[PDB]
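Chemist: Below: one structure in structure tokens.
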Amino acid sequence: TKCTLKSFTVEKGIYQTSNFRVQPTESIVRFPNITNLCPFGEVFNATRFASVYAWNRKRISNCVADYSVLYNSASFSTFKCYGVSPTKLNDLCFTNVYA
Amino acid sequence: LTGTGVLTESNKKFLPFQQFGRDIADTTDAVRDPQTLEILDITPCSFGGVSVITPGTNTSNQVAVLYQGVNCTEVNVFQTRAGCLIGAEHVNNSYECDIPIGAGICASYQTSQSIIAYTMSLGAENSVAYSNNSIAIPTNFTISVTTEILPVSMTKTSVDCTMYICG
Amino acid sequence: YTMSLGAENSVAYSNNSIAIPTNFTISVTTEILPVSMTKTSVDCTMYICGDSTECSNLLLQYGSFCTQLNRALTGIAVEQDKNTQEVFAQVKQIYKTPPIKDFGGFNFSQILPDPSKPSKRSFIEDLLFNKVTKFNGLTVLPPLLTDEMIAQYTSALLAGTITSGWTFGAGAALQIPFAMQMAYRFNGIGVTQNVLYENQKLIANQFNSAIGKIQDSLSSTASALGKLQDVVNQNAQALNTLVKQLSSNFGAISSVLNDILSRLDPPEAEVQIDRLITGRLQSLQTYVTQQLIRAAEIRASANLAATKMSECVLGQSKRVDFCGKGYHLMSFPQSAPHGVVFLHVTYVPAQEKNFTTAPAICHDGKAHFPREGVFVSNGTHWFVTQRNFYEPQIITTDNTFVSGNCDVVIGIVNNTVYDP
Amino acid sequence: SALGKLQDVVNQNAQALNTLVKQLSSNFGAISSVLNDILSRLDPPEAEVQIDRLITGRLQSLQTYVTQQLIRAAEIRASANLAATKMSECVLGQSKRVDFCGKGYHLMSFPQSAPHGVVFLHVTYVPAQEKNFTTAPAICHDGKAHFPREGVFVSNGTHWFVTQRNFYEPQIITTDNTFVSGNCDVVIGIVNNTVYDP
Ligand SMILES: *[C@@H]1O[C@H](CO)[C@@H](O)[C@H](O)[C@H]1NC(C)=O
Ligand SMILES: *[C@@H]1O[C@H](CO)[C@@H](O)[C@H](O)[C@H]1NC(C)=O
Ligand SMILES: *[C@@H]1O[C@H](CO)[C@@H](O)[C@H](O)[C@H]1NC(C)=O
Ligand SMILES: *[C@@H]1O[C@H](CO)[C@@H](O)[C@H](O)[C@H]1NC(C)=O
Ligand SMILES: *[C@@H]1O[C@H](CO)[C@@H](O)[C@H](O)[C@H]1NC(C)=O
Ligand SMILES: *[C@@H]1O[C@H](CO)[C@@H](O)[C@H](O)[C@H]1NC(C)=O
Ligand SMILES: *[C@@H]1O[C@H](CO)[C@@H](O)[C@H](O)[C@H]1NC(C)=O
Ligand SMILES: *[C@@H]1O[C@H](CO)[C@@H](O)[C@H](O)[C@H]1NC(C)=O
Ligand SMILES: *[C@@H]1O[C@H](CO)[C@@H](O)[C@H](O)[C@H]1NC(C)=O
Ligand SMILES: *[C@@H]1O[C@H](CO)[C@@H](O)[C@H](O)[C@H]1NC(C)=O
Ligand SMILES: *[C@@H]1O[C@H](CO)[C@@H](O)[C@H](O)[C@H]1NC(C)=O
Ligand SMILES: *[C@@H]1O[C@H](CO)[C@@H](O)[C@H](O)[C@H]1NC(C)=O
Ligand SMILES: *[C@@H]1O[C@H](CO)[C@@H](O)[C@H](O)[C@H]1NC(C)=O
Ligand SMILES: *[C@@H]1O[C@H](CO)[C@@H](O)[C@H](O)[C@H]1NC(C)=O
Ligand SMILES: *[C@@H]1O[C@H](CO)[C@@H](O)[C@H](O)[C@H]1NC(C)=O
């Protein structure tokens with residue numbers, strides 16, 4: 001009370017100092033069962049990409065994607081992320097990604 | 001979907017295509033387990049408000065703590081409508097309201113000098129002997145001069161922005 | 001169509017014509033007055049951030065806005081408490097009604113509490129309460145004076161009124177029969193006490209009929225308490241808007257702080273957190289400003305209600321159209337959710353009659369002016385009656401006073417005064 | 001503690017001024033809260049944005065302060081109107097409004113100057129030492145009703161007297177302070193008595 005009132009004397013009355021809040025004990029990482037690692041050797045390590053006006057769009061779903069092995073490979077010049085961060089992406093589940 | 005809360009069971013019936021869920025205020029209160037098909041219920045963590053009922057520091061340093069919107073189980077003990085007051089005792093008497101707690105409960109520092117919690121009294125219990133042939137005519141009087149203070153004005157201040165914002 | 005301002009009446013004005021009423025009617029009205037609102041306490045930090053230390057560290061860079069809003073809300077709560085504390089708690093001793101309830105013929109069954117139901121409000125107050133019917137940082141604080149305490153205050157006020165009149169508001173309550181109390185109420189508006197002492201039965205019947213009509217109207221319709229319902233709806237809409245303002249992006253990527261923290265790194269998410277904080281703070285400041293304006297309006301209404309209580313329930317106000325349309329007689333407060341209801345018992349006139357009047361009369365060369373009343377005629381004879389009730393009395397020397405000769409008064413009849 | 005409202009107004013004004021002064025210590029997201037330090041350490045490009053953010057923050061704070069000051073000024077205007085009404089109705093006259101100037105029958109008031117306020121000394125008339133009596137609506141002497149003009153018919157147990165309403169002063173029931181209206185079988189509560197004729 002003396003800290004929230006910024007003084008050393010307190011008169012008779014009721015003062016709302018702070019609030020109560022239970023702290024969490026542990027954390028869960030509940031995720032579904034997924035296999036069939038998404039093939040990145042055909043999207044990146046392909047024979048030859050198409051032209052700019054005829055870019056190839058390939059839908060990929062029902063897989064598990066590891067985005068850390070791409071940035072840490074030190075083989076990509078630019079790895080700019082928009083809307084998301086270069087990290088904190090291996091802990092999220094996407095609905096439908098494109099390439 | 002991340003966050004914190006008490007994952008308890010529920011009674012609502014999620015449709016086969018429905019996975020997540022919301023409430024009246026568009027707040028997620030129930031989701032589905034990714035592994036199994038059990039319908040959970042995201043109950044928010046326990047939290048509320050804390051109020052410190054204390055007398056003047058010149059009198060004593062004994063204080064009390066009131067937890068607002070709790071059920072005496074989320075934290076000598078008193079279950080009130082405003083909350084659960086831990087630090088005072090519930091007496092059966094009734095005095096004037098010194099420290100308004102809420103819902104009629106009032107706290108005061110009385111003697112064994114401790115903090116008590118009682119119900120405020122609305123005044124004395126008087127009963128006029130009303131009858132069809134009874135009147136009470138006064139036989140004396142007493143002139144009483146009372147005081148009444150009302151503010152008329154305040155300090156005339158003036159804040160120049162061209163000197164406050166940009167010095 | 002075009003709204004009509006009212007009926008088209010043409011008063012037959014004349015310098016020798018007067019309309020004195022020959023009857024009356026007791027008409028009890030109803031007035032709704034808000035006294036207080038719901039005491040809310042919006043947690044600034046929990047509303048802006050919601051259990052986020054990274055967001056709190058950025059919110060701390062905006063100054064003492066959190067403390068300012070908390071102090072404003074606390075002041076609003078204390079003000080809403082003191083409003084009802086000054087409106088209802090205007091009596092020191094809690095009076096009670098005697099067991100033998102025979103108030104000269106008046107029936108206060110639905111007004112006074114009854115032991116048939118549990119310890120709660122009376123029948124009319126229960127009807128009023130029945131007709132007016134833990135969050136993301138927005139908690140609700142309970143009022144200090146509970147509904148039972150407000151009901152006990154209203155019952156004590158009713159008992160003190162019925163048993164004393166206005167003597168309980170200036171010191172110690174003085175016992176007095178309700179018949180003599182009504183006689184004093186009538187004498188306070190000019191009407192003599194013999195009218196009441198002769199038509200007490202009719203007046204009690206009219207009062208009971210008015211109370212029954214009020215009860216039937218309150219049981220039939222529910223929009224009678226419009227102001228309280230409007231205040232409740234405004235508060236609920238303000239709270240709902242303040243809650244829904246958390247679903248807006250305010251230019252950020254999303255409105256979910258935890259999702260933003262899980263997706264973007266802190267360096268890039270700092271700007272999004274700042275934008276969300278600015279938006280939520282602007283919304284909360286707008287809410288606090290509107291709440292302060294509404295609290296000032298409610299304080300004005302509560303001051304008006306306390307004035308109308310002190311000057312009309314603890315006494316008899318002589319102000320026109322202040323505590324009832326008509327000649328005010330008495331009033332009874334009734335409890336209401338976040339408000340107060342008054343039963344303004346007024347003295348309304350009835351069918352009048354045309355007579356012939358004169359400013360004075362001259363008997364022996366001197367002008368005789370009416371001391372208390374007015375000179376009226378029925379075509380052949382002249383009588384001095386009251387101003388609000390037709391009671392023809394013989395014009396004697398004890399009812400009029402002589403002041404000068406009858407040569408300067410513009411208009412005077414040559415009547416014949418009677419010397420007892 | 002008598003001038004509690006005045007002390008509270010002064011404290012609220014002082015707290016508002018102190019908060020308005022202290023709001024200059026926050027940067028509102030800027031690098032620093034010192035405008036001169038920012039201008040001396042940064043180039044004009046970034047200094048423009050820093051000054052814009054500081055101006056936005058300080059303008060929001062000043063607008064909040066002005067809004068609160070307007071609310072308090074409206075409250076003070078209402079209080080001053082009430083005080084002027086009480087002055088005009090109790091110091092320049094005798095108010096008949098119940099509980100308007102003192103708790104009791106208002107007699108007179110005396111104004112007293114106070115810092116940013118006014119103090120009234122409401123002189124009231126509070127009755128005391130009340131005694132129980134037996135009252136009656138009217139009396140009948142010769143078959144005609146008798147109602148008192150101004151007073152109440154009270155009896156000490158054996159004799160009926162007419163006294164004032166706010167002060168016990170018994171007087172013999174005469175025809176001067178009593179009028180006749182009606183009969184003795186239309187009033188509920190008639191009491192047979194003898195009216196004296198001077
Ligand atoms: C999913 O995987 C877990 C181990 O990761 C395994 O125990 C479980 O049987 C699998 N199937 C289901 C339906 O959970
Ligand atoms: C693709 O080629 C890179 C070489 O830059 C190699 O590191 C990587 O393992 C290969 N496969 C995939 C799936 O990226
Ligand atoms: C479904 O609705 C019925 C009534 O419409 C209700 O009785 C039942 O409890 C509900 N079931 C739920 C909410 O699971
Ligand atoms: C919670 O508070 C209520 C209110 O009195 C009480 O009746 C109840 O026993 C408490 N505990 C639980 C588990 O409900
Ligand atoms: C009336 O009360 C006063 C005290 O206020 C006292 O001095 C006086 O004697 C009393 N008069 C009677 C008649 O009792
Ligand atoms: C007579 O009284 C009636 C109302 O009872 C009124 O409408 C009418 O104008 C009066 N006439 C005269 C001549 O006073
Ligand atoms: C006066 O009006 C009432 C109705 O409120 C009626 O009962 C009564 O008979 C009337 N009196 C006269 C004298 O007409
Ligand atoms: C008063 O009215 C109620 C209902 O309106 C009735 O039950 C009661 O008997 C009445 N009182 C008397 C004394 O008749
Ligand atoms: C007027 O009243 C008197 C007495 O009340 C009566 O004698 C007289 O006949 C009345 N005149 C008319 C025109 O009604
Ligand atoms: C009253 O009005 C009538 C009608 O106009 C007129 O003849 C008479 O002189 C007036 N009397 C007075 C005293 O004005
Ligand atoms: C009243 O009498 C006087 C004196 O005789 C006379 O002048 C006057 O006209 C009379 N008034 C009326 C209305 O007849
Ligand atoms: C009047 O009667 C009441 C109750 O009957 C009693 O309390 C009071 O003392 C009496 N007063 C006098 C002066 O006898
Ligand atoms: C009432 O007053 C009269 C007049 O003074 C007196 O004669 C009589 O004895 C008194 N009675 C009582 C009971 O005091
Ligand atoms: C006055 O009340 C008493 C007590 O109930 C009763 O006996 C008496 O008849 C009543 N008198 C009148 C006129 O109502
Ligand atoms: C008053 O006198 C009349 C005369 O007949 C009588 O009928 C009546 O009962 C008397 N009053 C009382 C209260 O005795």
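Please note that chains go A, B, ... in the order of the structure tokens, that every chain numbers its residues from 1, and that ligands are numbered from 1 in the order shown.
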When you look at residue D:132 with a cut-off of 7 Å (counting only C-alpha atoms), what residues show up, excluding the ones that are within fewer than 5 positions of it in the same chain? I need them as a list in words.
Modeler: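 Surrounding residues, per the criterion: residues 134, 135, 136 and 137 of chain B.
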Chemist: For chain B, report every residue with an atom at most 9 Å from chain A (counting only C-alpha atoms), formatted as a ChimeraX atom specification.
Modeler: /B:1,4-5,33-36,45-58,67-68,74-75,98-101
Chemist: Using only C-alpha atoms, select each residue of chain D with any atom at most 8 Å away from an atom of chain B, and give the selection as a PyMOL selection string.
Modeler: chain D and resi 2-3+5-6+9-10+13+35+54-55+58-59+73+76-77+79-80+83+102-103+116-136+154+165-169
Chemist: Residues within 12 Å of stretch 375-379 of chain C, please, as a ChimeraX atom specification. Count only C-alpha atoms; anything in the same chain fewer than 4 positions from it doesn't count.
Modeler: /C:16-20,353-361,368-371,383-387,390-396,399-400,412-413,415,417
Chemist: Restricting it to C-alpha atoms, dump the selection as a PDB file, in the first residue's frame.
Modeler:
```
ATOM      1  CA  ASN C  16     -67.496  39.447 -13.516  1.00  0.00           C
ATOM      2  CA  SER C  17     -67.206  35.665 -13.964  1.00  0.00           C
ATOM      3  CA  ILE C  18     -65.329  33.130 -11.831  1.00  0.00           C
ATOM      4  CA  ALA C  19     -65.052  29.327 -11.895  1.00  0.00           C
ATOM      5  CA  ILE C  20     -64.861  27.818  -8.396  1.00  0.00           C
ATOM      6  CA  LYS C 353     -69.150  25.954 -11.988  1.00  0.00           C
ATOM      7  CA  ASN C 354     -69.595  29.482 -13.310  1.00  0.00           C
ATOM      8  CA  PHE C 355     -70.417  32.220 -10.796  1.00  0.00           C
ATOM      9  CA  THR C 356     -70.519  36.012 -10.577  1.00  0.00           C
ATOM     10  CA  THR C 357     -67.723  37.681  -8.612  1.00  0.00           C
ATOM     11  CA  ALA C 358     -66.999  41.199  -7.376  1.00  0.00           C
ATOM     12  CA  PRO C 359     -63.766  42.703  -5.996  1.00  0.00           C
ATOM     13  CA  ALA C 360     -65.551  44.108  -2.931  1.00  0.00           C
ATOM     14  CA  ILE C 361     -68.947  45.091  -1.523  1.00  0.00           C
ATOM     15  CA  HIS C 368     -65.515  45.658   2.517  1.00  0.00           C
ATOM     16  CA  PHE C 369     -62.784  43.388   1.151  1.00  0.00           C
ATOM     17  CA  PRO C 370     -62.697  39.601   1.676  1.00  0.00           C
ATOM     18  CA  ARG C 371     -60.145  38.599   4.302  1.00  0.00           C
ATOM     19  CA  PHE C 383     -71.642  34.415  -0.642  1.00  0.00           C
ATOM     20  CA  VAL C 384     -67.990  34.236   0.396  1.00  0.00           C
ATOM     21  CA  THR C 385     -66.423  30.857  -0.407  1.00  0.00           C
ATOM     22  CA  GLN C 386     -62.935  29.372  -0.554  1.00  0.00           C
ATOM     23  CA  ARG C 387     -60.528  29.567  -3.492  1.00  0.00           C
ATOM     24  CA  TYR C 390     -67.037  25.795  -3.296  1.00  0.00           C
ATOM     25  CA  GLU C 391     -68.436  26.433   0.196  1.00  0.00           C
ATOM     26  CA  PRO C 392     -71.007  29.260   0.248  1.00  0.00           C
ATOM     27  CA  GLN C 393     -70.885  31.166   3.537  1.00  0.00           C
ATOM     28  CA  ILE C 394     -72.945  34.152   4.651  1.00  0.00           C
ATOM     29  CA  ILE C 395     -70.975  37.385   4.279  1.00  0.00           C
ATOM     30  CA  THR C 396     -70.521  38.620   7.861  1.00  0.00           C
ATOM     31  CA  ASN C 399     -65.129  37.395   7.165  1.00  0.00           C
ATOM     32  CA  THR C 400     -64.332  40.789   5.591  1.00  0.00           C
ATOM     33  CA  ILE C 412     -68.085  47.025  -6.720  1.00  0.00           C
ATOM     34  CA  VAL C 413     -71.613  45.760  -6.029  1.00  0.00           C
ATOM     35  CA  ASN C 415     -74.448  44.186  -1.243  1.00  0.00           C
ATOM     36  CA  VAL C 417     -73.241  42.705   5.017  1.00  0.00           C
TER      37      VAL C 417
END
```
Chemist: Any idea what's packed within 8 Å of residue C:246, counting only C-alpha atoms, ignoring anything in its chain fewer than 3 positions away? Could you give it as a PyMOL selection string?
Modeler: chain C and resi 242-243+255+280
Chemist: Find the residues of chain C in contact range of chain D, meaning any atom within 7 Å when counting only C-alpha atoms, and list them as a PyMOL selection string.
Modeler: chain C and resi 61-63+170-171+180+194+197-198+310-311+314-315+317
Chemist: So that I have them on file, write out the residues from the current selection with C-alpha atoms, as an mmCIF file, in the first residue's frame.
Modeler:
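Generated output (again.cif):
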```
data_model
loop_
_atom_site.group_PDB
_atom_site.id
_atom_site.type_symbol
_atom_site.label_atom_id
_atom_site.label_comp_id
_atom_site.auth_asym_id
_atom_site.auth_seq_id
_atom_site.Cartn_x
_atom_site.Cartn_y
_atom_site.Cartn_z
ATOM 1 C CA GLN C 61 6.731 3.685 -21.339
ATOM 2 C CA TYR C 62 3.450 5.623 -21.704
ATOM 3 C CA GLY C 63 3.449 7.177 -18.228
ATOM 4 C CA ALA C 170 -36.552 18.147 11.988
ATOM 5 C CA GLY C 171 -35.476 16.183 15.061
ATOM 6 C CA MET C 180 -55.028 15.027 11.565
ATOM 7 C CA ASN C 194 -63.547 20.488 7.534
ATOM 8 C CA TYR C 197 -63.155 15.793 8.282
ATOM 9 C CA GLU C 198 -66.389 15.438 6.272
ATOM 10 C CA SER C 310 -35.853 15.762 1.566
ATOM 11 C CA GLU C 311 -38.287 18.495 0.501
ATOM 12 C CA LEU C 314 -39.874 14.759 5.031
ATOM 13 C CA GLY C 315 -42.220 17.718 4.495
ATOM 14 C CA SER C 317 -43.182 21.338 -0.793
#
```
Chemist: As a quick test: using only C-alpha atoms and all ligand atoms, which residues lie no more than 12 Å away from ligand 2? Give them as a PDB file with N, CA, C and O atoms, in the first residue's frame.
Modeler:
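Once written, selection-v7.pdb looks like this:
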```
ATOM      1  N   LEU A  37       7.697 -36.691 -44.118  1.00  0.00           N
ATOM      2  CA  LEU A  37       8.402 -35.415 -44.194  1.00  0.00           C
ATOM      3  C   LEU A  37       8.262 -34.788 -45.575  1.00  0.00           C
ATOM      4  O   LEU A  37       8.513 -35.439 -46.593  1.00  0.00           O
ATOM      5  N   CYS A  38       7.850 -33.524 -45.599  1.00  0.00           N
ATOM      6  CA  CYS A  38       7.577 -32.851 -46.860  1.00  0.00           C
ATOM      7  C   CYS A  38       8.839 -32.799 -47.714  1.00  0.00           C
ATOM      8  O   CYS A  38       9.880 -32.319 -47.246  1.00  0.00           O
ATOM      9  N   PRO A  39       8.794 -33.281 -48.956  1.00  0.00           N
ATOM     10  CA  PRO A  39      10.003 -33.290 -49.789  1.00  0.00           C
ATOM     11  C   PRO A  39      10.434 -31.893 -50.203  1.00  0.00           C
ATOM     12  O   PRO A  39       9.767 -31.241 -51.013  1.00  0.00           O
ATOM     13  N   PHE A  40      11.551 -31.424 -49.650  1.00  0.00           N
ATOM     14  CA  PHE A  40      12.137 -30.150 -50.039  1.00  0.00           C
ATOM     15  C   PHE A  40      13.265 -30.311 -51.047  1.00  0.00           C
ATOM     16  O   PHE A  40      13.787 -29.307 -51.540  1.00  0.00           O
ATOM     17  N   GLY A  41      13.651 -31.547 -51.367  1.00  0.00           N
ATOM     18  CA  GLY A  41      14.667 -31.788 -52.372  1.00  0.00           C
ATOM     19  C   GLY A  41      14.199 -31.633 -53.800  1.00  0.00           C
ATOM     20  O   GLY A  41      15.031 -31.606 -54.711  1.00  0.00           O
ATOM     21  N   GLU A  42      12.887 -31.537 -54.016  1.00  0.00           N
ATOM     22  CA  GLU A  42      12.337 -31.297 -55.343  1.00  0.00           C
ATOM     23  C   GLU A  42      11.899 -29.855 -55.552  1.00  0.00           C
ATOM     24  O   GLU A  42      11.781 -29.421 -56.703  1.00  0.00           O
ATOM     25  N   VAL A  43      11.657 -29.111 -54.473  1.00  0.00           N
ATOM     26  CA  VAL A  43      11.289 -27.704 -54.601  1.00  0.00           C
ATOM     27  C   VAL A  43      12.533 -26.834 -54.714  1.00  0.00           C
ATOM     28  O   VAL A  43      12.584 -25.899 -55.520  1.00  0.00           O
ATOM     29  N   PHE A  44      13.555 -27.128 -53.910  1.00  0.00           N
ATOM     30  CA  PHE A  44      14.790 -26.356 -53.919  1.00  0.00           C
ATOM     31  C   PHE A  44      15.856 -26.988 -54.808  1.00  0.00           C
ATOM     32  O   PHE A  44      16.412 -26.321 -55.686  1.00  0.00           O
ATOM     33  N   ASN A  45      16.152 -28.270 -54.595  1.00  0.00           N
ATOM     34  CA  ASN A  45      17.195 -28.962 -55.353  1.00  0.00           C
ATOM     35  C   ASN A  45      16.605 -29.634 -56.595  1.00  0.00           C
ATOM     36  O   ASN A  45      16.734 -30.838 -56.816  1.00  0.00           O
ATOM     37  N   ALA A  46      15.951 -28.822 -57.418  1.00  0.00           N
ATOM     38  CA  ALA A  46      15.355 -29.301 -58.653  1.00  0.00           C
ATOM     39  C   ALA A  46      16.353 -29.196 -59.804  1.00  0.00           C
ATOM     40  O   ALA A  46      17.435 -28.619 -59.676  1.00  0.00           O
ATOM     41  N   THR A  47      15.971 -29.768 -60.948  1.00  0.00           N
ATOM     42  CA  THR A  47      16.850 -29.748 -62.111  1.00  0.00           C
ATOM     43  C   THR A  47      16.915 -28.354 -62.730  1.00  0.00           C
ATOM     44  O   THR A  47      18.005 -27.821 -62.968  1.00  0.00           O
ATOM     45  N   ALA A  65       7.127 -30.119 -41.825  1.00  0.00           N
ATOM     46  CA  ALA A  65       8.151 -29.326 -42.495  1.00  0.00           C
ATOM     47  C   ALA A  65       9.125 -28.783 -41.462  1.00  0.00           C
ATOM     48  O   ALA A  65       8.707 -28.221 -40.444  1.00  0.00           O
ATOM     49  N   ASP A  66      10.418 -28.951 -41.725  1.00  0.00           N
ATOM     50  CA  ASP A  66      11.478 -28.431 -40.869  1.00  0.00           C
ATOM     51  C   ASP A  66      12.108 -27.229 -41.563  1.00  0.00           C
ATOM     52  O   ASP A  66      12.847 -27.385 -42.540  1.00  0.00           O
ATOM     53  N   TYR A  67      11.813 -26.031 -41.061  1.00  0.00           N
ATOM     54  CA  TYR A  67      12.329 -24.803 -41.648  1.00  0.00           C
ATOM     55  C   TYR A  67      13.683 -24.393 -41.085  1.00  0.00           C
ATOM     56  O   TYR A  67      14.283 -23.438 -41.591  1.00  0.00           O
ATOM     57  N   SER A  68      14.178 -25.085 -40.057  1.00  0.00           N
ATOM     58  CA  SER A  68      15.469 -24.726 -39.481  1.00  0.00           C
ATOM     59  C   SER A  68      16.627 -25.255 -40.316  1.00  0.00           C
ATOM     60  O   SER A  68      17.706 -24.650 -40.329  1.00  0.00           O
ATOM     61  N   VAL A  69      16.429 -26.373 -41.018  1.00  0.00           N
ATOM     62  CA  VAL A  69      17.490 -26.948 -41.837  1.00  0.00           C
ATOM     63  C   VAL A  69      17.754 -26.153 -43.105  1.00  0.00           C
ATOM     64  O   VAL A  69      18.757 -26.400 -43.782  1.00  0.00           O
ATOM     65  N   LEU A  70      16.880 -25.206 -43.446  1.00  0.00           N
ATOM     66  CA  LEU A  70      17.068 -24.386 -44.636  1.00  0.00           C
ATOM     67  C   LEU A  70      17.884 -23.132 -44.351  1.00  0.00           C
ATOM     68  O   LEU A  70      18.775 -22.782 -45.132  1.00  0.00           O
ATOM     69  N   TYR A  71      17.596 -22.444 -43.243  1.00  0.00           N
ATOM     70  CA  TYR A  71      18.346 -21.238 -42.910  1.00  0.00           C
ATOM     71  C   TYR A  71      19.745 -21.580 -42.410  1.00  0.00           C
ATOM     72  O   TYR A  71      20.724 -20.931 -42.796  1.00  0.00           O
ATOM     73  N   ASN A  72      19.860 -22.600 -41.558  1.00  0.00           N
ATOM     74  CA  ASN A  72      21.157 -22.996 -41.022  1.00  0.00           C
ATOM     75  C   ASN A  72      22.049 -23.664 -42.059  1.00  0.00           C
ATOM     76  O   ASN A  72      23.229 -23.897 -41.774  1.00  0.00           O
ATOM     77  N   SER A  73      21.523 -23.977 -43.245  1.00  0.00           N
ATOM     78  CA  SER A  73      22.337 -24.593 -44.286  1.00  0.00           C
ATOM     79  C   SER A  73      23.373 -23.635 -44.857  1.00  0.00           C
ATOM     80  O   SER A  73      24.354 -24.091 -45.455  1.00  0.00           O
ATOM     81  N   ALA A  74      23.173 -22.324 -44.690  1.00  0.00           N
ATOM     82  CA  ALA A  74      24.102 -21.303 -45.178  1.00  0.00           C
ATOM     83  C   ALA A  74      24.319 -21.418 -46.685  1.00  0.00           C
ATOM     84  O   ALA A  74      25.421 -21.199 -47.193  1.00  0.00           O
ATOM     85  N   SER A  75      23.255 -21.765 -47.407  1.00  0.00           N
ATOM     86  CA  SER A  75      23.301 -21.875 -48.858  1.00  0.00           C
ATOM     87  C   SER A  75      22.340 -20.926 -49.556  1.00  0.00           C
ATOM     88  O   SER A  75      22.291 -20.916 -50.793  1.00  0.00           O
ATOM     89  N   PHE A  76      21.576 -20.134 -48.811  1.00  0.00           N
ATOM     90  CA  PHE A  76      20.609 -19.201 -49.373  1.00  0.00           C
ATOM     91  C   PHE A  76      21.068 -17.776 -49.102  1.00  0.00           C
ATOM     92  O   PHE A  76      21.359 -17.421 -47.954  1.00  0.00           O
ATOM     93  N   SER A  77      21.139 -16.967 -50.160  1.00  0.00           N
ATOM     94  CA  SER A  77      21.573 -15.581 -50.015  1.00  0.00           C
ATOM     95  C   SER A  77      20.605 -14.791 -49.143  1.00  0.00           C
ATOM     96  O   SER A  77      20.978 -14.279 -48.081  1.00  0.00           O
TER      97      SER A  77
END
```
Chemist: Give me the residues within 6 Å of residue B:30 as a list in words, counting only C-alpha atoms and dropping any in the same chain fewer than 5 places off.
Modeler: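 Contacts, with the query itself left out: residues 21, 40, 41 and 42 of chain B.
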